[PDB]
Amino acid sequence: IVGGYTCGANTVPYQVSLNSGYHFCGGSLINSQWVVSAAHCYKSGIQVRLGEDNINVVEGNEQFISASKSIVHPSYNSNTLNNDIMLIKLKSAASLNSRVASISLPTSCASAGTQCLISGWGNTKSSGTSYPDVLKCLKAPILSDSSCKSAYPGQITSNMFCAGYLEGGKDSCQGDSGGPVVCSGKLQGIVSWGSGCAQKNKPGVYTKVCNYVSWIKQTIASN
Ligand SMILES: [Ca+2]
């Protein structure tokens, strides 16, 4: 996260770190056994880390659970990042408490202008490189469809939305991928892509979760 702030330990209790020997992507806990992330975060040998603040120190509230199964969206396109969504099942159920908690799925899609909370352990620099140890947060608004498509002509599907600041300086970045965008208490987005981070006229692009709620529900009911 570029130009964000320190969240505060366990104030975002649905935030997970995906670990394959090192943190590489975020995710969201949506019930005691399931995590939503980005399909481009796919890899084998995922361990899901819940209750994290400092991802390099064991602070006492963590739960480390291996994934039993990953399921990339059937229509995921790795060229365009259309349908950039994946489900991860945990080998055992997480214990839910004040520090580990699920986030609700949306019943209806979010509206342009709505302020949302984006979080992760990704790069905090615009052009350089610095990765944080504690969880970073950012408030950012959903941008109109028209301004999104203007920023990224010929690249935006109806399964994507833009959020952020056209003036630049505030954005998600690499290492935040797969993490949450939470608006009005619902998971509305997944950190997907962007042209650089925090650049003028290049806002963040997010997977539009409300288009996938049927697929998530049926997949969880069968696996
Ligand atoms: Ca930790």
# chains A, B, ... in the order shown; residues from 1 in each chain; ligands from 1

$ residues_near_ligand --ligand "ligand 1" --cutoff "6 Å" --atoms "only C-alpha atoms and all ligand atoms" --output "number ranges by chain"
A: 52-59

$ write_last_selection --atoms "N, CA and C atoms" --output "PDB file, in the first residue's frame"
ATOM      1  N   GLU A  52      -2.590 -12.142  11.611  1.00  0.00           N
ATOM      2  CA  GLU A  52      -1.299 -11.502  11.450  1.00  0.00           C
ATOM      3  C   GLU A  52      -1.390  -9.986  11.633  1.00  0.00           C
ATOM      4  N   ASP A  53      -0.367  -9.440  12.276  1.00  0.00           N
ATOM      5  CA  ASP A  53      -0.027  -8.036  12.121  1.00  0.00           C
ATOM      6  C   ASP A  53       1.366  -7.900  11.528  1.00  0.00           C
ATOM      7  N   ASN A  54       2.411  -8.082  12.350  1.00  0.00           N
ATOM      8  CA  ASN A  54       3.758  -8.125  11.838  1.00  0.00           C
ATOM      9  C   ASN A  54       4.009  -9.510  11.257  1.00  0.00           C
ATOM     10  N   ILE A  55       4.213  -9.589   9.934  1.00  0.00           N
ATOM     11  CA  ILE A  55       4.294 -10.904   9.302  1.00  0.00           C
ATOM     12  C   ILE A  55       5.662 -11.554   9.517  1.00  0.00           C
ATOM     13  N   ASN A  56       6.617 -10.846  10.150  1.00  0.00           N
ATOM     14  CA  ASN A  56       7.940 -11.385  10.418  1.00  0.00           C
ATOM     15  C   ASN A  56       8.173 -11.686  11.900  1.00  0.00           C
ATOM     16  N   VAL A  57       7.157 -11.472  12.741  1.00  0.00           N
ATOM     17  CA  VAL A  57       7.227 -11.760  14.175  1.00  0.00           C
ATOM     18  C   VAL A  57       5.970 -12.533  14.574  1.00  0.00           C
ATOM     19  N   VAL A  58       6.189 -13.631  15.312  1.00  0.00           N
ATOM     20  CA  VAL A  58       5.107 -14.361  15.952  1.00  0.00           C
ATOM     21  C   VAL A  58       4.704 -13.606  17.215  1.00  0.00           C
ATOM     22  N   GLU A  59       3.510 -13.001  17.215  1.00  0.00           N
ATOM     23  CA  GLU A  59       3.081 -12.043  18.226  1.00  0.00           C
ATOM     24  C   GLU A  59       2.059 -12.678  19.155  1.00  0.00           C
TER      25      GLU A  59
END

$ residues_around --residues "residue 2 of chain A" --least-positions-apart "5" --cutoff "10 Å" --atoms "only C-alpha atoms" --output "list in words"
residues 122, 123, 124, 125, 126, 130, 136, 137, 138, 168, 169, 170, 171, 172, 173, 197 and 198 of chain A

$ write_last_selection --atoms "N, CA and C atoms" --output "PDB file, in the first residue's frame"
ATOM      1  N   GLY A 122       1.898  -5.094   0.924  1.00  0.00           N
ATOM      2  CA  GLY A 122       2.622  -4.829  -0.301  1.00  0.00           C
ATOM      3  C   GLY A 122       3.512  -3.594  -0.201  1.00  0.00           C
ATOM      4  N   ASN A 123       4.225  -3.337  -1.309  1.00  0.00           N
ATOM      5  CA  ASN A 123       5.209  -2.274  -1.454  1.00  0.00           C
ATOM      6  C   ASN A 123       4.560  -0.944  -1.089  1.00  0.00           C
ATOM      7  N   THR A 124       5.300  -0.115  -0.334  1.00  0.00           N
ATOM      8  CA  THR A 124       4.848   1.186   0.122  1.00  0.00           C
ATOM      9  C   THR A 124       5.472   2.325  -0.700  1.00  0.00           C
ATOM     10  N   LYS A 125       6.211   2.009  -1.763  1.00  0.00           N
ATOM     11  CA  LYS A 125       6.878   3.029  -2.552  1.00  0.00           C
ATOM     12  C   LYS A 125       6.284   3.093  -3.957  1.00  0.00           C
ATOM     13  N   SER A 126       6.261   4.322  -4.505  1.00  0.00           N
ATOM     14  CA  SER A 126       5.693   4.630  -5.815  1.00  0.00           C
ATOM     15  C   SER A 126       6.548   4.035  -6.931  1.00  0.00           C
ATOM     16  N   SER A 130      10.049  -0.744  -0.910  1.00  0.00           N
ATOM     17  CA  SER A 130      10.104  -0.971   0.527  1.00  0.00           C
ATOM     18  C   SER A 130       8.859  -1.747   0.941  1.00  0.00           C
ATOM     19  N   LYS A 136      -0.800  -2.506   6.395  1.00  0.00           N
ATOM     20  CA  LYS A 136      -1.085  -1.146   5.961  1.00  0.00           C
ATOM     21  C   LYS A 136      -2.514  -1.062   5.428  1.00  0.00           C
ATOM     22  N   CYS A 137      -3.116   0.120   5.602  1.00  0.00           N
ATOM     23  CA  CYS A 137      -4.495   0.412   5.247  1.00  0.00           C
ATOM     24  C   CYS A 137      -4.587   1.640   4.335  1.00  0.00           C
ATOM     25  N   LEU A 138      -5.669   1.707   3.542  1.00  0.00           N
ATOM     26  CA  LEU A 138      -5.899   2.852   2.681  1.00  0.00           C
ATOM     27  C   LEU A 138      -7.391   3.044   2.499  1.00  0.00           C
ATOM     28  N   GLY A 168      -2.887  10.554  -8.187  1.00  0.00           N
ATOM     29  CA  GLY A 168      -1.782   9.691  -7.798  1.00  0.00           C
ATOM     30  C   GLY A 168      -1.398   9.851  -6.323  1.00  0.00           C
ATOM     31  N   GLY A 169      -0.429   9.040  -5.872  1.00  0.00           N
ATOM     32  CA  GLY A 169       0.096   9.146  -4.520  1.00  0.00           C
ATOM     33  C   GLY A 169      -0.511   8.149  -3.526  1.00  0.00           C
ATOM     34  N   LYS A 170      -1.699   7.611  -3.817  1.00  0.00           N
ATOM     35  CA  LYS A 170      -2.380   6.668  -2.941  1.00  0.00           C
ATOM     36  C   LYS A 170      -2.914   5.503  -3.766  1.00  0.00           C
ATOM     37  N   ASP A 171      -2.490   4.270  -3.450  1.00  0.00           N
ATOM     38  CA  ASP A 171      -2.854   3.118  -4.273  1.00  0.00           C
ATOM     39  C   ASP A 171      -2.437   1.822  -3.566  1.00  0.00           C
ATOM     40  N   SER A 172      -2.999   0.692  -4.010  1.00  0.00           N
ATOM     41  CA  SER A 172      -2.431  -0.595  -3.659  1.00  0.00           C
ATOM     42  C   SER A 172      -1.283  -0.862  -4.620  1.00  0.00           C
ATOM     43  N   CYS A 173      -0.479  -1.913  -4.320  1.00  0.00           N
ATOM     44  CA  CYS A 173       0.735  -2.195  -5.073  1.00  0.00           C
ATOM     45  C   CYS A 173       1.042  -3.701  -5.053  1.00  0.00           C
ATOM     46  N   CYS A 197       2.223   1.676  -9.472  1.00  0.00           N
ATOM     47  CA  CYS A 197       1.454   1.978  -8.272  1.00  0.00           C
ATOM     48  C   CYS A 197       1.474   3.481  -8.023  1.00  0.00           C
ATOM     49  N   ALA A 198       0.293   4.026  -7.722  1.00  0.00           N
ATOM     50  CA  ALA A 198       0.105   5.398  -7.250  1.00  0.00           C
ATOM     51  C   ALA A 198       0.520   6.420  -8.306  1.00  0.00           C
TER      52      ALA A 198
END

$ residues_around --residues "segment 203-218 of chain A" --least-positions-apart "2" --cutoff "9 Å" --atoms "only C-alpha atoms" --output "PyMOL selection string"
chain A and resi 36+38+73+81-85+87+105-110+143+148+151+156+158-168+170-173+181+187-195+197-201+220-223

$ select_by_dssp --residues "chain A" --states "helix (DSSP H, G or I)" --output "list in words"
residues 39, 40, 41, 145, 146, 147, 148, 149, 150, 151, 209, 210, 211, 212, 213, 214, 215, 216, 217, 218, 219 and 220 of chain A

$ closest_residue --among "A:154, A:178, A:128, A:74" --to "residue 18 of chain A" --atoms "only C-alpha atoms"
A:178

$ atom_distance --atom1 "atom CA of residue 99 of chain A" --atom2 "atom CA of residue 121 of chain A"
17.2 Å

$ residues_around --residues "residue 45 of chain A" --least-positions-apart "3" --cutoff "9 Å" --atoms "only C-alpha atoms" --output "ChimeraX atom specification"
/A:19-21,66-67

$ closest_residue --among "A:120, A:202, A:152, A:46" --to "residue 133 of chain A" --atoms "only C-alpha atoms"
A:120

$ decode --residues "segment 116-128 of chain A" --atoms "C-alpha atoms" --output "PDB file, in the first residue's frame"
ATOM      1  CA  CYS A 116     -13.705   1.570   0.785  1.00  0.00           C
ATOM      2  CA  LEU A 117     -10.888   0.080   2.891  1.00  0.00           C
ATOM      3  CA  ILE A 118      -7.985  -1.644   1.078  1.00  0.00           C
ATOM      4  CA  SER A 119      -5.250  -3.410   3.036  1.00  0.00           C
ATOM      5  CA  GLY A 120      -2.101  -5.516   2.698  1.00  0.00           C
ATOM      6  CA  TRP A 121       1.649  -5.973   3.187  1.00  0.00           C
ATOM      7  CA  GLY A 122       2.622  -4.829  -0.301  1.00  0.00           C
ATOM      8  CA  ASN A 123       5.209  -2.274  -1.454  1.00  0.00           C
ATOM      9  CA  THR A 124       4.848   1.186   0.122  1.00  0.00           C
ATOM     10  CA  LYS A 125       6.878   3.029  -2.552  1.00  0.00           C
ATOM     11  CA  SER A 126       5.693   4.630  -5.815  1.00  0.00           C
ATOM     12  CA  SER A 127       8.850   3.964  -7.837  1.00  0.00           C
ATOM     13  CA  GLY A 128      11.351   2.475  -5.328  1.00  0.00           C
TER      14      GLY A 128
END
